[PDB]
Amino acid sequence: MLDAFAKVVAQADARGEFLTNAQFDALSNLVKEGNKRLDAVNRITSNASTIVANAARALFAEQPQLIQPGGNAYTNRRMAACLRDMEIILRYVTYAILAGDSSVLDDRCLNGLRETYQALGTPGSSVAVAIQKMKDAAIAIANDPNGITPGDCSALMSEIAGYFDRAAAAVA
């Protein structure tokens, strides 16, 4: 996998070129902005259970047929799996936030996920909703003004949203 730094190095290595002044500045801004990034991971992480539980409450509220007998989330073991999937996807997202690059997420989680769910007959569309619900939950928690030093984290939140949206797309 890659982090924001390695990504740029990788893009650079392949043109055989040193980093442009632009690039150096980009990474420095990332570094500068690093406390925010760290807070965001810490916060989403520390509430992972909650994010997952409440998005699942939500999804099943909106999509009851999943828990109608026969539904892809009927039976406790399928329910567990679903919840587990949601925690998995949340967990790889935190990784990507921490890295500033989607590659961990991509490679170790999104790759060939659509096909897996298709095989299983898990409705990808529904997964993608569960993902969206966590996103909105996690953004809110991450971006909570309380208990934190005031500053603008909006660019970070967009990045974060990016990874969640990216995951939702990989399975819709």
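Whichever C-alpha set is largest while still superposing within 1.5 Å between the two forms counts as the rigid core. All residue numbers are counted from 1 along the displayed sequence.
Greater average departure of CA atoms from the shown form, over structures and residues in 9 other deposited structures of this protein after a core fit, characterises 13-21 among 149-157 and 13-21. Root-mean-square C-alpha deviation from the shown form, taken over all structures in 9 other deposited structures of this protein superposed by the rigid core, is larger for 22-30 than for the alternative among 22-30 and 125-133.
Judged by mean Cα B factor in the deposited record, 63-71 ranks above the other of 140-148 and 63-71. The PDB entry reports B-factors from which the mean C-alpha value can be compared for 99-107 and 27-35; the larger average falls on 27-35. Out of 48, 58, 119, 40, it is 58 whose C-alpha atom has the highest B-factor in the PDB entry.
Sorting 155, 161, 10, 22 by the CA temperature factor given in the entry leaves 22 at the top. When all modelled residues of the chain are sorted by CA temperature factor, residue 127 is found within the highest third. When the modelled residues of the chain are ordered by their C-alpha B factor, residue 44 lands in the lowest third. Among the modelled residues of its chain, residue 133 has a C-alpha B-factor that falls in the middle third according to the deposited record.
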